[PDB]
Amino acid sequence: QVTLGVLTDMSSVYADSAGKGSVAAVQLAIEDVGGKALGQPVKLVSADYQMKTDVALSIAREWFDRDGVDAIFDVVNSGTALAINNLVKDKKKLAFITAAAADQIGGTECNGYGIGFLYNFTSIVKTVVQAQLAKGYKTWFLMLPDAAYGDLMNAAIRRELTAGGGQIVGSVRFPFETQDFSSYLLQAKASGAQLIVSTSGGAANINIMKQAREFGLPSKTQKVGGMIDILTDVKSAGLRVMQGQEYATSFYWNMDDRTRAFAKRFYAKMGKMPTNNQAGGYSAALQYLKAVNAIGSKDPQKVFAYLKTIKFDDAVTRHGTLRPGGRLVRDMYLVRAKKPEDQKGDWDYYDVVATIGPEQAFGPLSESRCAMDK
Ligand code: NI
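For the sequence shown, the entry's author numbering assigns the number 26 to the initial residue and increments by one for each residue that follows.
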């Protein structure tokens with residue numbers, strides 16, 4: 026029997042964008058293989074680790090040892106994802122990290138067992154760089170949080186923008202829990218950059234976009250840009266505030282007929298549209314179950330080998346292949362927040378305005394930081 030485990034947050038700040046929704050997305054994948062693997066019903070368990078890595082490890086350990094769990098999905102914290110990555114090596118189980126973007130998964134910490142099946146931070150940056158440069162936005166100014174996420178995005182943006190022929194004309198860091206962003210916006214405007222990039226999400230990005238308007242931004246010469254698609258941020262803040270900001274994403278519910286059909290099934294269960302994390306969980310679970318059934322085995326080493334020979338083309342994953350190190354490479358998109366008067370329903374927040382191919386969005390196999398990819 027095949028047992029799937031959804032290890033997520035159902036009580037805290039990622040509950041709405043992963044959580045019970047990620048369980049529902051995995052349920053939909055189980056449906057897409059007739060409910061069965063190896064001729065038996067697929068079992069599904071889930072748990073809330075409350076964004077505590079120690080709790081996620083204790084939950085996963087018992088799952089593998091007592092409840093027969095073969096593969097786990099979601100994991101919404103990068104830190105927790107790295108810890109789970111190291112456990113599944115030890116226990117010889119597969120983990121599909123579909124709710125965290127750490128490059129280390131299928132990158133420097135590749136192991137044949139931790140699989141990155143959403144997107145990585147590098148692909149977010151490559152996608153915004155290439156899409157914006159193609160639109161003529163050459164000169165950039167970065168607004169970054171103080172924390173490790175800001176360090177990571179600063180290094181990646183600077184390397185990819187330069188490799189593409191653009192230039193950073195300035196940068197600023199703001200401290201934890203900033204509410205007044207006037208000083209940072211004034212510096213961004215004075216830099217003269219064509220593109221002013223608010224790199225974070227959450228209340229920080231929401232207040233930056235609110236306050237950018239008091240400074241006449243966007244203007245004829247300067248646009249405000251973003252990084253990560255956080256659909257629930259647009260829901261909270263509204264298109265009046267968010268209109269015009271662009272982000273990179275792996276998935277948007279209203280991209281095409283195939284995304285919309287998946288989204289309708291999801292809405293029927295959850296009463297809302299699926300986020301890219303929840304969509305990633307669907308796609309990982311679907312391809313995992315299809316692989317088990319195709320080779321007639323749930324041996325992780327045999328499933329992994331097989332997954333490396335397939336071209337993925339489902340409702341969520343487009344031009345997908347699994348690299349030798351366990352990083353999914355795939356089409357990525359630039360999405361733009363719509364003008365409020367153009368919103369036609371709940372969740373109608375974006376237009377897709379560019380599509381970057383897998384090799385371009387993730388880099389050539391030679392740029393990979395995984396030993397198994399060389
Ligand atoms: Ni094609």
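The beta-carbon is built from N, C-alpha and C at its ideal position, and this holds for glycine as well.
Counterpart residues of residue i in DSSP-defined beta bridges
| i | result |
| --- | --- |
| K61 | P66 |
| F329 | DSSP, once it has assigned bridges, lists no residue as partnering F329. |
| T274 | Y358 |
| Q192 | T164 |
| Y74 | Looking at the DSSP assignment, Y74 forms no beta bridge with any residue, so it has no partner. |
| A96 | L29 and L119 |
| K248 | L220 |
| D376 | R361 |
| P200 | DSSP lists no partner for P200. |
| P170 | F199 |
| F337 | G345 |
Residue i burial status per 10 Å Cβ neighbour count (16 or more: buried)
| i | result |
| --- | --- |
| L220 | buried |
| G251 | buried |
| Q65 | exposed |
| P170 | buried |
| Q312 | buried |
| residue 412 | A question about residue 412 goes unanswered here, because the residues of the chain that appear run from 26 up to 399. |
| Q157 | buried |
| residue 400 | Here the chain has residues from 26 to 399 only, and residue 400 is not among them. |
| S208 | exposed |
| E392 | exposed |
| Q268 | buried |
| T152 | buried |
| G306 | buried |
| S37 | exposed |
| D115 | exposed |
| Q204 | exposed |
| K336 | exposed |
| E271 | buried |
| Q75 | exposed |
Of the residues the options, the one placed nearest residue i, counting alpha carbons only
| i | options | result |
| --- | --- | --- |
| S223 | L32, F206 and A286 | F206 |
| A173 | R348, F201 and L256 | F201 |
| residue 21 | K248, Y138, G241 and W278 | Residue 21 lies beyond the residue range present for the chain, which begins at 26 and ends at 399; the question has no answer from this structure. |
| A81 | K117, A108, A62 and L63 | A108 |
| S42 | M298, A156, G195 and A228 | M298 |
| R355 | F387, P325 and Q326 | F387 |
| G351 | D95, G132, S36 and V58 | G132 |
| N179 | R198, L359 and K214 | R198 |
| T78 | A54, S71 and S103 | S103 |
| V67 | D57, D73 and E271 | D57 |
| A159 | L390, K117 and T380 | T380 |
| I140 | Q155, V150, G161 and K117 | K117 |
| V317 | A40, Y39 and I55 | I55 |
| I253 | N145, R86 and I84 | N145 |
| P389 | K214, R290, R348 and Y374 | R348 |
| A72 | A85, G60 and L63 | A85 |
| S275 | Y358, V259 and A228 | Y358 |
| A330 | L143, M168, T346 and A340 | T346 |
| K323 | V94, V360 and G175 | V94 |
State whether the segment 86-106 contacts the segment 29-37, with contact taken as three or more CB pairs (one from each stretch) at a distance under 8 Å.
Yes, they touch.
Pairing CB atoms from the segment 112-130 with CB atoms from the segment 239-246, are three or more of them under 8 Å?
Judged by Cβ distances under 8 Å, the segment 112-130 makes no contact with the segment 239-246, as fewer than three pairs qualify.
Would you be able to state if there are at least three C-beta pairs under 8 Å between the segment 47-59 and the segment 86-94?
Verdict: no, contact absent.
Could you tell me whether the segment 367-378 touches the segment 132-142, where touching means 3 or more Cβ pairs closer than 8 Å?
With a cut-off of 8 Å on Cβ pairs, the segment 367-378 is not in contact with the segment 132-142, counting fewer than three such pairs.
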